[PDB]
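S.K.: Okay, here's the structure, questions in a sec.
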Amino acid sequence: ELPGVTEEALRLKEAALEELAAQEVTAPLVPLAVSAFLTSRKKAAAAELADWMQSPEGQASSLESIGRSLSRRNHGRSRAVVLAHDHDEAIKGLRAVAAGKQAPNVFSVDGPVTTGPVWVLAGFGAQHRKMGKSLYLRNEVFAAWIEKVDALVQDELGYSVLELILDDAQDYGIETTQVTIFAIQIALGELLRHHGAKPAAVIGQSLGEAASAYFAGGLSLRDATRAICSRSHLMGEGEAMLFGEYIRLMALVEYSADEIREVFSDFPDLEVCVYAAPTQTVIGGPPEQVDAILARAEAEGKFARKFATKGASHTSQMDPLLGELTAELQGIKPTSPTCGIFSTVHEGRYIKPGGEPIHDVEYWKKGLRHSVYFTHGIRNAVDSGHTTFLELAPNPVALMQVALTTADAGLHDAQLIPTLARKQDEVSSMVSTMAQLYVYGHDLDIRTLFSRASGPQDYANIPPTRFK
Ligand SMILES: *S(O)(O)Oc1ccc(OCc2c(F)cc(-n3cnc(NS(C)(=O)=O)n3)cc2F)cc1
Ligand SMILES: OC[C@H]1O[C@@](CO)(O[C@H]2O[C@H](CO)[C@@H](O)[C@H](O)[C@H]2O)[C@@H](O)[C@@H]1O
Ligand SMILES: OC[C@H]1O[C@@](CO)(O[C@H]2O[C@H](CO)[C@@H](O)[C@H](O)[C@H]2O)[C@@H](O)[C@@H]1O
Ligand SMILES: OC[C@H]1O[C@@](CO)(O[C@H]2O[C@H](CO)[C@@H](O)[C@H](O)[C@H]2O)[C@@H](O)[C@@H]1O
Ligand SMILES: OC[C@H]1O[C@@](CO)(O[C@H]2O[C@H](CO)[C@@H](O)[C@H](O)[C@H]2O)[C@@H](O)[C@@H]1O
Ligand SMILES: OC[C@H]1O[C@@](CO)(O[C@H]2O[C@H](CO)[C@@H](O)[C@H](O)[C@H]2O)[C@@H](O)[C@@H]1O
């Protein structure tokens with residue numbers, strides 16, 4: 001018997017819905033799928049659909065009806081999806097598919113990807129004021145999972161994350177950024193599962209490790225929530241008492257791990273927080289040393305960027321918190337993974353499905369305290385055959401780090417699939433995510449992207465639903 005949705009959440013939700021009702025309805029993004037055993041035949045189907053869609057009868061059919069009909073075809077080896085708001089975009093996109101040409105709304109491949117997708121759970125640097133709000137108001141499944149995490153977090157820390165999502169006046173801090181991005185991560189992944197997708201493996205960075213543990217079957221939703229709540233509040237409370245000589249900055253520098261080993265001989269107190277990309281590393285330490293290594297970087301033409309925090313996670317400054325984190329996590333129950341795990345806590349090494357559990361109290365201490373081996377995990381995934389990396393986040397920050405490691409590992413055409421992004425319609429974005437999973441042959445029931453038909457006008461007069 002968990003807490004319910006707070007009264008203030010409901011209040012904020014009613015105001016938000018009026019805000020939504022009084023806005024101009026935008027044309028939805030529809031996925032149009034064509035496929036064939038042969039790419040040559042796929043291109044002809046795309047040309048035939050474009051022709052019919054140019055005809056008066058095609059023009060008279062809604063995109064949603066056309067796409068619902070396409071979704072009931074057999075789905076062949078060679079695939080394409082044209083994402084469209086109207087008949088113009090669709091016909092344009094289909095002509096590109098027919099012509100073998102690239103367009104920004106078009107995905108087309110000769111055959112499925114060989115290995116299943118890696119779900120990427122990062123989070124840092126992805127937050128913004130209204131993250132998750134639009135999809136909450138507009139997707140029943142997304143909203144159900146948000147509320148499930150909101151009840152658990154309510155019960156664990158005593159406040160409502162859903163109030164933060166719904167109230168535009170409020171913005172996120174070191175604590176609430178983590179628990180709220182977690183909630184968005186859980187809800188995005190369960191929405192994806194709802195339409196048939198699943199992770200082949202998971203990889204986490206810093207914040208996202210708790211969600212990655214849930215989706216890998218290493219911890220119940222309750223214990224994953226305990227993992228992100230204890231981490232988050234200790235970090236925010238600890239960092240707020242940091243002043244003067246106790247302050248520790250974090251910064252991004254264009255140095256590799258090997259460069260760092262040599263550059264750090266001038267900086268005794270600097271530590272590595274995150275190995276982000278082959279030539280991007282996040283360091284932490286006392287402000288004067290951080291300022292000097294930044295100065296050193298910019299003098300060598302390398303770029304460098306100070307983050308906004310008075311404390312540095314994944315350094316020794318976390319040693320005061322570990323005792324309390326240990327106490328708060330007593331009772332969690334680590335379970336055997338149900339998909340692969342690239343563990344950026346354990347130096348980037350792989351854990352097979354059915355392996356021994358890894359997510360014990362010591363795992364969360366080690367993760368908070370020690371470096372995040374993100375680029376090593378990604379490289380390990382590339383080297384064992386993975387090419388599709390799907391990021392669950394309000395903004396696709398980590399995907400840019402993945403691109404750097406995949407290109408550097410020789411993979412020059414990875415499938416980098418984002419989810420949400422500020423200033424992209426959150427329902428469009430999720431359509432596009434699931435349309436890509438389909439093109440590459442990953443698990444996804446494209447039929448579930450369209451509501452159940454309730455009448456013959458929900459179909460179009462094309463195969464497989466031609467009217468007798
Ligand atoms: S944990 O507590 O959440 O700690 C943690 C994890 C990950 C972090 O870094 C994420 C990150 C990153 F690795 C790189 C960038 N990035 C690349 N390029 C730029 N901008 S610039 C100066 O080239 O124009 N920024 C950003 C980012 F958030 C940090 C802490
Ligand atoms: O939602 C827009 C509109 O609603 C008002 C109340 O009429 O404020 C509601 O929404 C705000 C944004 O989330 C909240 O901060 C506020 O608490 C809530 O009452 C208007 O002030 C606003 O223009
Ligand atoms: O501890 C002395 C030792 O560390 C250096 C490294 O640059 O400085 C740091 O330690 C000081 C405390 O003694 C701090 O005041 C300072 O913020 C920190 O960078 C040198 O002073 C020396 O090699
Ligand atoms: O501030 C100077 C410092 O910045 C760098 C880039 O990190 O250069 C920029 O500033 C110079 C002065 O305006 C410009 O001439 C240069 O084109 C610009 O990139 C460093 O090279 C320099 O040390
Ligand atoms: O102030 C640094 C800035 O000055 C330039 C010349 O505009 O370089 C000078 O300073 C360097 C030391 O930082 C010397 O190595 C160099 O010989 C001298 O010309 C810029 O190149 C630099 O960004
Ligand atoms: O080829 C089968 C393979 O395709 C996916 C999507 O990548 O599912 C499609 O094919 C199914 C029929 O085999 C349809 O039920 C489904 O609607 C369609 O997306 C994968 O999920 C499936 O393994």
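Identifiers in the structure tokens: chain A, B, ... in order shown; residue index from 1 per chain; ligand index from 1 in order shown.
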Report as a list in words: the residues of segment 57-91 of chain A with a DSSP assignment of strand (DSSP E), based on the backbone of this structure.
M.R.: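 Residues meeting the strand (DSSP E) criterion: residues 78, 79, 80, 81, 82, 83 and 84 of chain A.
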S.K.: Identify all residues of segment 170-217 of chain A in helix (DSSP H, G or I) (DSSP on the backbone) and supply them as a PyMOL selection string.
M.R.: chain A and resi 174-194+209-215
S.K.: Could you write those residues out with C-alpha atoms, as an mmCIF file, in the first residue's frame?
M.R.:
data_model
loop_
_atom_site.group_PDB
_atom_site.id
_atom_site.type_symbol
_atom_site.label_atom_id
_atom_site.label_comp_id
_atom_site.auth_asym_id
_atom_site.auth_seq_id
_atom_site.Cartn_x
_atom_site.Cartn_y
_atom_site.Cartn_z
ATOM 1 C CA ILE A 174 21.874 17.619 -7.496
ATOM 2 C CA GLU A 175 19.430 15.402 -5.626
ATOM 3 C CA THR A 176 16.215 15.805 -7.611
ATOM 4 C CA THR A 177 17.913 15.636 -11.024
ATOM 5 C CA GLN A 178 18.898 12.032 -10.294
ATOM 6 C CA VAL A 179 15.660 10.675 -8.889
ATOM 7 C CA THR A 180 13.592 12.396 -11.591
ATOM 8 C CA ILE A 181 15.771 11.319 -14.524
ATOM 9 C CA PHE A 182 15.636 7.837 -13.008
ATOM 10 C CA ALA A 183 11.849 7.995 -13.068
ATOM 11 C CA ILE A 184 11.901 9.149 -16.673
ATOM 12 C CA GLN A 185 14.353 6.347 -17.513
ATOM 13 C CA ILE A 186 12.152 3.666 -15.942
ATOM 14 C CA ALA A 187 9.045 4.994 -17.678
ATOM 15 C CA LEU A 188 10.701 5.268 -21.097
ATOM 16 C CA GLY A 189 12.009 1.712 -20.957
ATOM 17 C CA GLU A 190 8.737 0.227 -19.794
ATOM 18 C CA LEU A 191 6.947 2.114 -22.576
ATOM 19 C CA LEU A 192 9.355 0.531 -25.048
ATOM 20 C CA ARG A 193 8.809 -2.911 -23.527
ATOM 21 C CA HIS A 194 5.074 -2.276 -23.829
ATOM 22 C CA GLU A 209 23.407 2.670 -13.115
ATOM 23 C CA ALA A 210 20.313 2.211 -10.936
ATOM 24 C CA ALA A 211 17.975 2.162 -13.957
ATOM 25 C CA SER A 212 20.380 -0.084 -15.850
ATOM 26 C CA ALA A 213 20.179 -2.522 -12.925
ATOM 27 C CA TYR A 214 16.375 -2.609 -13.115
ATOM 28 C CA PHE A 215 16.268 -3.285 -16.888
#
S.K.: Write out as CSV a residue-level contact list of chain A versus ligand 1 with cut-off 9 Å: for each qualifying residue the closest pair of atoms and the distance in Å to one decimal, counting only C-alpha atoms and all ligand atoms, rows sorted by chain and residue number upward.
M.R.:
residue,atom,partner,partner_atom_place_in_ligand_line,distance
A:122,CA,ligand 1,3 (O),7.3
A:123,CA,ligand 1,3 (O),6.4
A:124,CA,ligand 1,3 (O),4.4
A:125,CA,ligand 1,28 (F),4.3
A:126,CA,ligand 1,28 (F),7.2
A:174,CA,ligand 1,2 (O),8.7
A:178,CA,ligand 1,3 (O),7.9
A:205,CA,ligand 1,6 (C),6.1
A:206,CA,ligand 1,1 (S),4.0
A:207,CA,ligand 1,3 (O),4.8
A:208,CA,ligand 1,3 (O),7.7
A:232,CA,ligand 1,2 (O),8.9
A:235,CA,ligand 1,2 (O),8.6
A:250,CA,ligand 1,30 (C),7.3
A:251,CA,ligand 1,29 (C),7.7
A:252,CA,ligand 1,14 (C),6.3
A:253,CA,ligand 1,22 (C),8.5
A:254,CA,ligand 1,23 (O),8.7
A:273,CA,ligand 1,4 (O),6.7
A:274,CA,ligand 1,7 (C),5.9
A:275,CA,ligand 1,13 (F),7.5
A:276,CA,ligand 1,13 (F),4.6
A:277,CA,ligand 1,13 (F),7.1
A:280,CA,ligand 1,13 (F),6.7
A:281,CA,ligand 1,13 (F),6.8
A:282,CA,ligand 1,29 (C),6.2
A:283,CA,ligand 1,29 (C),8.7
A:303,CA,ligand 1,22 (C),6.0
A:304,CA,ligand 1,22 (C),5.8
A:305,CA,ligand 1,22 (C),5.2
A:306,CA,ligand 1,22 (C),8.7
A:307,CA,ligand 1,29 (C),7.8
A:312,CA,ligand 1,4 (O),7.8
A:313,CA,ligand 1,2 (O),5.5
A:314,CA,ligand 1,4 (O),7.1
A:368,CA,ligand 1,2 (O),7.6
A:372,CA,ligand 1,6 (C),7.6
A:374,CA,ligand 1,7 (C),8.9
A:397,CA,ligand 1,28 (F),6.4
A:398,CA,ligand 1,10 (C),6.8
A:400,CA,ligand 1,17 (C),7.4
A:401,CA,ligand 1,13 (F),6.4
S.K.: Report as a VMD selection string all protein, DNA and RNA residues lying within 12 Å of residue 318 of chain A, evaluated on only C-alpha atoms, omitting residues in the same chain fewer than 4 positions from it.
M.R.: chain A and resid 231 234 to 239 248 273 284 to 285 311 to 314 322 to 325 364 to 371
S.K.: Could you tell me which of A:228, A:453, A:270, A:427 comes closest to ligand 3 if we count only C-alpha atoms and all ligand atoms?
M.R.: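 Of A:228, A:453, A:270, A:427, the one nearest ligand 3, counting only C-alpha atoms and all ligand atoms, is A:270.
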S.K.: Report as a list in words which protein, DNA and RNA residues come within 12 Å of ligand 5, using only C-alpha atoms and all ligand atoms.
M.R.: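 Written in the requested form, the residues are residues 295, 296, 297, 298, 299, 300 and 301 of chain A.
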S.K.: Taking N, CA and C atoms for each residue, export the selection above as a PDB file, in the first residue's frame.
M.R.:
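The resulting file, out_7.pdb, is shown below:
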ATOM      1  N   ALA A 295      43.670  25.259 -17.977  1.00  0.00           N
ATOM      2  CA  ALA A 295      44.620  26.156 -18.627  1.00  0.00           C
ATOM      3  C   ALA A 295      45.618  25.383 -19.472  1.00  0.00           C
ATOM      4  N   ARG A 296      46.126  24.269 -18.946  1.00  0.00           N
ATOM      5  CA  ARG A 296      47.049  23.470 -19.734  1.00  0.00           C
ATOM      6  C   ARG A 296      46.378  22.940 -20.993  1.00  0.00           C
ATOM      7  N   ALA A 297      45.117  22.521 -20.884  1.00  0.00           N
ATOM      8  CA  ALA A 297      44.441  21.953 -22.044  1.00  0.00           C
ATOM      9  C   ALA A 297      44.257  23.000 -23.137  1.00  0.00           C
ATOM     10  N   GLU A 298      43.656  24.141 -22.790  1.00  0.00           N
ATOM     11  CA  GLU A 298      43.404  25.185 -23.775  1.00  0.00           C
ATOM     12  C   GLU A 298      44.689  25.715 -24.385  1.00  0.00           C
ATOM     13  N   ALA A 299      45.798  25.660 -23.649  1.00  0.00           N
ATOM     14  CA  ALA A 299      47.060  26.074 -24.244  1.00  0.00           C
ATOM     15  C   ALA A 299      47.504  25.096 -25.323  1.00  0.00           C
ATOM     16  N   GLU A 300      47.173  23.810 -25.166  1.00  0.00           N
ATOM     17  CA  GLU A 300      47.502  22.784 -26.147  1.00  0.00           C
ATOM     18  C   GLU A 300      46.412  22.613 -27.189  1.00  0.00           C
ATOM     19  N   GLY A 301      45.476  23.562 -27.273  1.00  0.00           N
ATOM     20  CA  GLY A 301      44.423  23.508 -28.270  1.00  0.00           C
ATOM     21  C   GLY A 301      43.291  22.558 -27.967  1.00  0.00           C
TER      22      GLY A 301
END
S.K.: Residues within 8 Å of ligand 3 (only C-alpha atoms and all ligand atoms), as a PyMOL selection string?
M.R.: chain A and resi 245+266-269+286-289
S.K.: Write the residues you've just listed into a file as a CSV table (one decimal), in the first residue's frame, and include N, CA, C and O atoms for each of them.
M.R.:
chain,number,residue,atom,x,y,z
A,245,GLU,N,37.8,25.7,1.2
A,245,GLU,CA,38.9,24.7,0.9
A,245,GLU,C,38.4,23.3,0.8
A,245,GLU,O,39.2,22.4,0.5
A,266,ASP,N,51.7,16.3,-12.7
A,266,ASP,CA,51.9,17.7,-12.2
A,266,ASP,C,50.8,18.1,-11.3
A,266,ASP,O,50.9,19.2,-10.7
A,267,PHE,N,49.8,17.2,-11.0
A,267,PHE,CA,48.6,17.6,-10.3
A,267,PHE,C,48.3,16.4,-9.3
A,267,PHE,O,47.4,15.6,-9.5
A,268,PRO,N,48.9,16.5,-8.1
A,268,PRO,CA,48.8,15.3,-7.2
A,268,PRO,C,47.4,14.9,-6.8
A,268,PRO,O,47.2,13.8,-6.5
A,269,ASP,N,46.5,15.9,-6.7
A,269,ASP,CA,45.2,15.6,-6.1
A,269,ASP,C,44.0,15.4,-7.1
A,269,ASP,O,42.9,15.1,-6.6
A,286,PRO,N,40.9,19.6,-6.4
A,286,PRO,CA,40.8,21.0,-5.8
A,286,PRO,C,40.8,22.0,-6.9
A,286,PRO,O,41.4,21.8,-8.0
A,287,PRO,N,40.1,23.1,-6.7
A,287,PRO,CA,39.9,24.1,-7.7
A,287,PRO,C,41.2,24.7,-8.4
A,287,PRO,O,41.2,24.9,-9.6
A,288,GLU,N,42.3,24.9,-7.6
A,288,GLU,CA,43.5,25.4,-8.3
A,288,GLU,C,44.1,24.4,-9.2
A,288,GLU,O,44.5,24.8,-10.3
A,289,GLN,N,44.1,23.1,-8.9
A,289,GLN,CA,44.6,22.1,-9.8
A,289,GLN,C,43.7,22.0,-11.0
A,289,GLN,O,44.1,21.9,-12.2
S.K.: I'd like the contact shell of residue 171 of chain A - 10 Å cut-off, only C-alpha atoms, skipping same-chain residues fewer than 4 positions apart - returned as a PyMOL selection string.
M.R.: chain A and resi 127-131+164-165+167+176-177
S.K.: Could those residues be written to a file, using N, CA and C atoms, as a PDB file, in the first residue's frame?
M.R.:
ATOM      1  N   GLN A 127      19.161  17.088 -17.929  1.00  0.00           N
ATOM      2  CA  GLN A 127      17.929  17.600 -17.324  1.00  0.00           C
ATOM      3  C   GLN A 127      17.538  18.954 -17.898  1.00  0.00           C
ATOM      4  N   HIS A 128      16.237  19.234 -17.893  1.00  0.00           N
ATOM      5  CA  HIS A 128      15.745  20.578 -18.162  1.00  0.00           C
ATOM      6  C   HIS A 128      14.374  20.731 -17.526  1.00  0.00           C
ATOM      7  N   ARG A 129      13.930  21.983 -17.448  1.00  0.00           N
ATOM      8  CA  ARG A 129      12.846  22.344 -16.538  1.00  0.00           C
ATOM      9  C   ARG A 129      11.607  21.473 -16.738  1.00  0.00           C
ATOM     10  N   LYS A 130      11.213  21.260 -17.984  1.00  0.00           N
ATOM     11  CA  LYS A 130       9.958  20.583 -18.276  1.00  0.00           C
ATOM     12  C   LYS A 130      10.134  19.128 -18.723  1.00  0.00           C
ATOM     13  N   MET A 131      11.304  18.516 -18.493  1.00  0.00           N
ATOM     14  CA  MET A 131      11.551  17.169 -18.989  1.00  0.00           C
ATOM     15  C   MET A 131      10.440  16.217 -18.563  1.00  0.00           C
ATOM     16  N   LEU A 164       7.494  17.865  -9.423  1.00  0.00           N
ATOM     17  CA  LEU A 164       8.600  18.517 -10.111  1.00  0.00           C
ATOM     18  C   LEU A 164       8.415  18.466 -11.619  1.00  0.00           C
ATOM     19  N   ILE A 165       7.954  17.330 -12.136  1.00  0.00           N
ATOM     20  CA  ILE A 165       7.690  17.244 -13.566  1.00  0.00           C
ATOM     21  C   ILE A 165       6.582  18.215 -13.962  1.00  0.00           C
ATOM     22  N   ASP A 167       5.209  20.981 -12.408  1.00  0.00           N
ATOM     23  CA  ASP A 167       5.270  22.395 -12.028  1.00  0.00           C
ATOM     24  C   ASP A 167       6.377  23.102 -12.806  1.00  0.00           C
ATOM     25  N   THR A 176      17.445  16.088  -6.884  1.00  0.00           N
ATOM     26  CA  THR A 176      16.215  15.805  -7.611  1.00  0.00           C
ATOM     27  C   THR A 176      16.465  15.522  -9.088  1.00  0.00           C
ATOM     28  N   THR A 177      17.587  15.982  -9.646  1.00  0.00           N
ATOM     29  CA  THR A 177      17.913  15.636 -11.024  1.00  0.00           C
ATOM     30  C   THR A 177      18.051  14.125 -11.187  1.00  0.00           C
TER      31      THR A 177
END
S.K.: For residue 373 of chain A, find every residue with an atom within 6 Å (counting only C-alpha atoms), except residues of its own chain fewer than 5 positions away, and show them as a VMD selection string.
M.R.: chain A and resid 275 344 347 to 348
S.K.: Can you write out the residues you just picked, keeping N, CA, C and O atoms, as a PDB file, in the first residue's frame?
M.R.:
ATOM      1  N   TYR A 275      35.623   8.128 -17.608  1.00  0.00           N
ATOM      2  CA  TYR A 275      36.236   7.974 -18.923  1.00  0.00           C
ATOM      3  C   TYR A 275      35.097   7.978 -19.927  1.00  0.00           C
ATOM      4  O   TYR A 275      34.440   6.953 -20.145  1.00  0.00           O
ATOM      5  N   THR A 344      30.310  -0.490 -16.239  1.00  0.00           N
ATOM      6  CA  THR A 344      31.261   0.610 -16.136  1.00  0.00           C
ATOM      7  C   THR A 344      31.693   0.872 -14.701  1.00  0.00           C
ATOM      8  O   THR A 344      32.605   1.680 -14.495  1.00  0.00           O
ATOM      9  N   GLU A 347      35.128  -1.678 -14.360  1.00  0.00           N
ATOM     10  CA  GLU A 347      36.141  -1.377 -15.369  1.00  0.00           C
ATOM     11  C   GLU A 347      35.678  -1.676 -16.795  1.00  0.00           C
ATOM     12  O   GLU A 347      36.504  -1.770 -17.705  1.00  0.00           O
ATOM     13  N   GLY A 348      34.369  -1.813 -17.011  1.00  0.00           N
ATOM     14  CA  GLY A 348      33.803  -1.995 -18.335  1.00  0.00           C
ATOM     15  C   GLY A 348      33.615  -3.433 -18.774  1.00  0.00           C
ATOM     16  O   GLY A 348      33.356  -3.674 -19.962  1.00  0.00           O
TER      17      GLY A 348
END
